[PDB]
Amino acid sequence: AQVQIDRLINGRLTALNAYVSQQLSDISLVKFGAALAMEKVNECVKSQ
Amino acid sequence: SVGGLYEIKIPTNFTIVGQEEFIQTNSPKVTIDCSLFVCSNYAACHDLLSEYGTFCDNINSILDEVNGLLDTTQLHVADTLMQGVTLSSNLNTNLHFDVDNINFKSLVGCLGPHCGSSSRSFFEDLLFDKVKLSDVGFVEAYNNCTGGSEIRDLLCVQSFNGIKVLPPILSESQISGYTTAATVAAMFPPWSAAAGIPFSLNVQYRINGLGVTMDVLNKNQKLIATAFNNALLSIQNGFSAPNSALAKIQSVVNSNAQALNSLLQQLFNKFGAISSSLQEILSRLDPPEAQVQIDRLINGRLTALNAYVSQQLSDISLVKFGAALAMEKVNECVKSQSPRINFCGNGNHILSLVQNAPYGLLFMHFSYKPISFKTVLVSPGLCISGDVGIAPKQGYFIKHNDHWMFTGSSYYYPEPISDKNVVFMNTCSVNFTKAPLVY
Amino acid sequence: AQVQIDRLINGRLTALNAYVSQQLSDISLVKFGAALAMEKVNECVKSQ
Amino acid sequence: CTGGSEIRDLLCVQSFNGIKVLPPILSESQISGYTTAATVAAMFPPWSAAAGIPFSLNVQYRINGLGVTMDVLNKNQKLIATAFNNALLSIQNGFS
Amino acid sequence: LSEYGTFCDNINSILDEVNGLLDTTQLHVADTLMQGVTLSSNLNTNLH
Amino acid sequence: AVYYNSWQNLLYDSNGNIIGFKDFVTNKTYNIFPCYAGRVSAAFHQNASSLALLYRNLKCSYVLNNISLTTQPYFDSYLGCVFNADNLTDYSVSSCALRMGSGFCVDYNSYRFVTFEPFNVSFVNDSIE
Amino acid sequence: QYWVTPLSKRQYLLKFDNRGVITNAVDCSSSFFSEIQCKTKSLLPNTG
Amino acid sequence: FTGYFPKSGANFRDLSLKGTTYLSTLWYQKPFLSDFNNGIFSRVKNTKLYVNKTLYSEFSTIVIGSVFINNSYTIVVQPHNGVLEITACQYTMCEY
Ligand SMILES: CC(=O)N[C@H]1[C@H]([C@H](O)[C@H](O)COC(C)=O)O[C@@](O[C@H](CO)[C@@H](O)[C@@H]2O[C@@](O)(C(=O)O)C[C@H](O)[C@H]2NC(C)=O)(C(=O)O)C[C@@H]1O
Ligand SMILES: *[C@@H]1O[C@H](CO)[C@@H](O[C@@H]2O[C@H](CO)[C@@H](O)[C@H](O)[C@H]2NC(C)=O)[C@H](O)[C@H]1NC(C)=O
Ligand SMILES: *[C@@H]1O[C@H](CO)[C@@H](O[C@@H]2O[C@H](CO)[C@@H](O)[C@H](O)[C@H]2NC(C)=O)[C@H](O)[C@H]1NC(C)=O
Ligand SMILES: *[C@@H]1O[C@H](CO)[C@@H](O[C@@H]2O[C@H](CO)[C@@H](O)[C@H](O)[C@H]2NC(C)=O)[C@H](O)[C@H]1NC(C)=O
Ligand SMILES: *[C@@H]1O[C@H](CO)[C@@H](O)[C@H](O)[C@H]1NC(C)=O
Ligand SMILES: *[C@@H]1O[C@H](CO)[C@@H](O)[C@H](O)[C@H]1NC(C)=O
Ligand SMILES: *[C@@H]1O[C@H](CO)[C@@H](O)[C@H](O)[C@H]1NC(C)=O
Ligand SMILES: *[C@@H]1O[C@H](CO)[C@@H](O)[C@H](O)[C@H]1NC(C)=O
Ligand SMILES: *[C@@H]1O[C@H](CO)[C@@H](O)[C@H](O)[C@H]1NC(C)=O
């Protein structure tokens, strides 16, 4: 049972690392988008 | 300060310098077939790879989304190049290539659909022939994979192992057509990409805005036009020698080729198994042990794909940043001149132009470059008449022929003080030089 | 001993892969911050 | 890390295990020299980092551009300069 | 570890590229700070 | 080949793969190349009862002679052999849901292989001088 | 003259020309330069 | 490639010995009598002699073994002017 469970643990942990790496990339894009939104608020809405 | 005056070096002569800047706005659209990469043709591997299930669906999905982001980015760059471009139907680039002594023949390709894909400028032709693996380069390289040639092209080995670069949704010929249209939009009426005025007048007003009197600009118009097309020729000749922009363009192709070759080399890593070859494992061991060895190769190859996909996500984020910067430079340096000092290259930026480049755009920034200087004594302000203060507009006050006169800050040409080159104050600040005899 | 050392090699290589992925993601934010700092130098210190 | 120190620096353990931070290509002292040059470039002629005019006049014209008449702005020059250096002192004291 | 092939070469290559990006970024920031800066040779730290 | 000495009969690349050999019986030399492997790029529209297939970077003669024979119409496009789509590159579309690359699109009414032109210049007939 | 030297199990970088002859070789663990040559798989590594 | 190779930068030893009539007993001891270990690499000069302008090839014969007694096989590599005779036999090796 330990051998079979180790295969599942390695697969599930590998998939969790892949999801975490994808989430880091997506949040970097969200930070860039939020910076652009703050620039648009300051330079299109509050001023021209 | 001696009395109320300071020593300043003011230019007495100038030239126009051209500077290249390649901004990467695109990258090769790498696709992996995860099933063909991990397992090749081997049924015993495909049976095991099915038990890893959604790992190949994630590799395929993440790269399809990444390639979709690159396609959307290319459409946004093309939309930006063509935004607000209006051209006359009477425009024929074969006859219309220079105006006001400024020559754009090298920056302008043939215009209209009658040419087909020949809408590429001499400048873009000279920039594209130095890069083998452009979009057409990849298409020609993959076309030669079934030509029966004895040459073992590395791209053919990569594609047979499921690693293939797809062409962008818009060909580089279409993008060169868009940069050509954006370039001619500045040279002829309605001048939709040059503030609605003739290109030479836009260059003259941009140089005047730096603190240069209009009197020297409208009499040195031939010298300004010759300095401008000489700067353009200097940029074109700069590609025939080791160049930072051409090296940056070649770095995109070199880094992609290095990443793809590194990914292909993962098929020869043993990952602690008896061999990196599925044929050797299946010809040496029965299913009970062959499956153990094949599982080691599956974990190693899937780990290599997750690492490559993480690297590709990071690189495409940098490409999105670079494409956003290129769109901003198009809008704020080529189509218009935004009041931002070092945004459009270094120095006294006059104007910028854009040309298509492999996987990006090449910007030519033209700057006002002083040649010789005169050290003069300047006053940053004057206290005149009934203690009224005056400050110079984009210039300085000068004692010329023992009389107060004004000069531009970027060109020494003493001219009379008037409301045209002065900011008035009801009270003069302390340390403003006293001059009761002015005006 | 090879079986035990192999489990350690796989764990340690997976950890390095995860750290490298995180480092790439963090350097993207550093490049973004450096671009903003160069823009602030040019548009707030050298000029307004 | 090679000194006869009884204190076990965690960085030394990391470096001996292959994890080490290399210094940047330009030392922070060089960058401090560059920020110093950029700062003095606004104080004195030719004012290459202050639009080619004295720093006090650049402050005065920048405040006037916000909608402040030049009269009160040039009659209160010492009050503006003291407010400016007091703001700088407040930034310095804020790190404590 | 030698039987794993290019795993450690890939880790070293990615970190070297990340560090090259940091070095190039620091040079760009320094160039931005020093761009267009002209100083008088008569400047003295002890008097001005 | 002339690189095989008396004791040599196999040619290897830098990765340890067999890429050529000298037959022990006939002394004839051969190069070994991998068999063709690739993907089919299929363009599908919800309103259609079939698919438009693109064999990227492959001539139609190669597809029919070495991959598979089919009754669907075909032609050699710039991107490779295209099946079940009319060659209409002289026509253009400003919007495209099936983007095939290099300014080419698959448009469904049958499928049409058409150029993709998302942006064009606003034209006026005013004088240039 | 009968010059002899001991043999040992060593990793070498072997370079073969267009006719299959070993023209050059590098003993990878012999020196620091040999280690660079074996790491880059080339006789003349790039300046770096 | 990993194989049985010399260490680069190590020292070759010229173990060839030429005599005319007398043989030194010290020639048959350490360091001439050397340990084999994994193996050896030999760079041998082909001493090209001439008799009536006719070329003759000579070089030192090498023996490889353990105890050099007829209870054991000794490998011998000996030249015969263009013919390299290689044998491995239970030879009665001489003292000298
Ligand atoms: C291992 C070594 O050191 N080898 C050298 C050898 C020995 O030192 C010597 O053999 C030891 O002797 C002991 C163990 O007692 O000396 C040699 O040189 C000799 C002079 O040193 C040589 O010129 C000979 O000189 C004669 O006077 C004589 O009999 O020695 C007349 C003879 O006709 C002539 N041989 C000819 C014509 O070849 C040689 O050969 O022998 C050169 C060898 O490299
Ligand atoms: C002023 O107008 C004239 C006439 O249109 C322009 O003269 C032409 O200039 C080109 C170079 O761009 C020459 O090759 C032509 O031979 C000239 N033609 C004639 C009839 O002279 C001139 O360039 C314009 N100059 C400015 C600064 O506006
Ligand atoms: C294939 O090539 C080999 C090598 O040249 C040939 O073998 C030689 O044959 C001749 C004639 O019998 C002998 O004198 C040599 O000693 C052989 N050399 C070796 C290494 O065996 C062989 O005859 C050739 N066979 C064919 C069908 O071409
Ligand atoms: C696909 O259609 C295009 C467009 O009709 C064909 O290209 C034209 O071919 C004719 C000759 O038959 C030439 O005169 C035109 O100049 C070509 N036009 C273009 C835009 O290149 C093309 O040959 C067709 N291909 C196939 C395999 O049917
Ligand atoms: C300006 O510089 C150029 C190049 O040195 C020279 O040809 C030209 O005559 C100069 N003009 C003046 C006004 O000094
Ligand atoms: C493709 O093959 C042809 C014919 O062998 C050759 O002329 C051409 O240079 C090759 N191009 C590429 C990119 O491989
Ligand atoms: C597809 O069919 C739907 C429903 O009839 C219709 O709304 C849509 O316009 C059709 N599109 C095309 C390309 O035929
Ligand atoms: C661009 O092309 C499309 C399709 O031919 C056409 O409908 C559109 O009107 C064109 N653009 C302009 C500005 O006319
Ligand atoms: C331009 O087009 C308009 C609208 O069709 C027409 O009235 C005018 O006469 C045209 N002028 C020329 C020179 O073609």
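All residue numbers here begin at 1 and follow the chain in the order shown.
Yeah, the Cβs are placed from backbone N, Cα and C, and that goes for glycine too.
Database features, via Swiss-Prot:
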- F:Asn27: N-linked glycosylation site (CARBOHYD)
- F:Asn47: N-linked glycosylation site (CARBOHYD)
- F:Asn66: N-linked glycosylation site (CARBOHYD)
- F:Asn87: N-linked glycosylation site (CARBOHYD)
- F:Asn120: N-linked glycosylation site (CARBOHYD)
- F:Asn125: N-linked glycosylation site (CARBOHYD)
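Feature map: annotations from Swiss-Prot on the structure.
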| residue | record | contacts (Cβ under 8 Å, 6+ apart) |
| --- | --- | --- |
| F:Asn27 | N-linked glycosylation site | none |
| F:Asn47 | N-linked glycosylation site | F:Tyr108 |
| F:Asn66 | N-linked glycosylation site | F:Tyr36 |
| F:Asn87 | N-linked glycosylation site | F:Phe75, F:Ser77, F:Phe113 |
| F:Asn120 | N-linked glycosylation site | F:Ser94 |
| F:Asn125 | N-linked glycosylation site | none |
DSSP on F:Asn87 (N-linked glycosylation site), three-state: which is it?
strand
Any of the glycosylation sites F:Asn27, F:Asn87, F:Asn120, F:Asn125 with a C-beta atom under 6 A from ligand 2? Give them in order, or none.
none
Below 8 Å between Cβ atoms and chain B: which of F:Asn27, F:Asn47, F:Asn87, F:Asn125 make it? I'm asking about the glycosylation sites.
F:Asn125
Can you list which of these glycosylation sites (F:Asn47, F:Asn66, F:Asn87, F:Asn125) have a Cβ closer than 6 Å to ligand 7?
F:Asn47
Can you list which of the glycosylation sites F:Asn27, F:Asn66, F:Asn87, F:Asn120, F:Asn125 have their Cβ under 6 Å from some atom of ligand 8?
F:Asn120
Close to ligand 3, in the sense of Cβ under 6 Å, among F:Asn27, F:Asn87, F:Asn120, F:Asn125 as glycosylation sites, are F:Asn27
Filter the glycosylation sites F:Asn27, F:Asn47, F:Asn87, F:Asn125 down to those with CB closer than 6 A to an atom of ligand 9; keep them in sequence order.
F:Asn125
Looking at the glycosylation sites F:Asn27, F:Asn47, F:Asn87, which have a C-beta within less than 6 Å of some atom in ligand 4?
F:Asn87
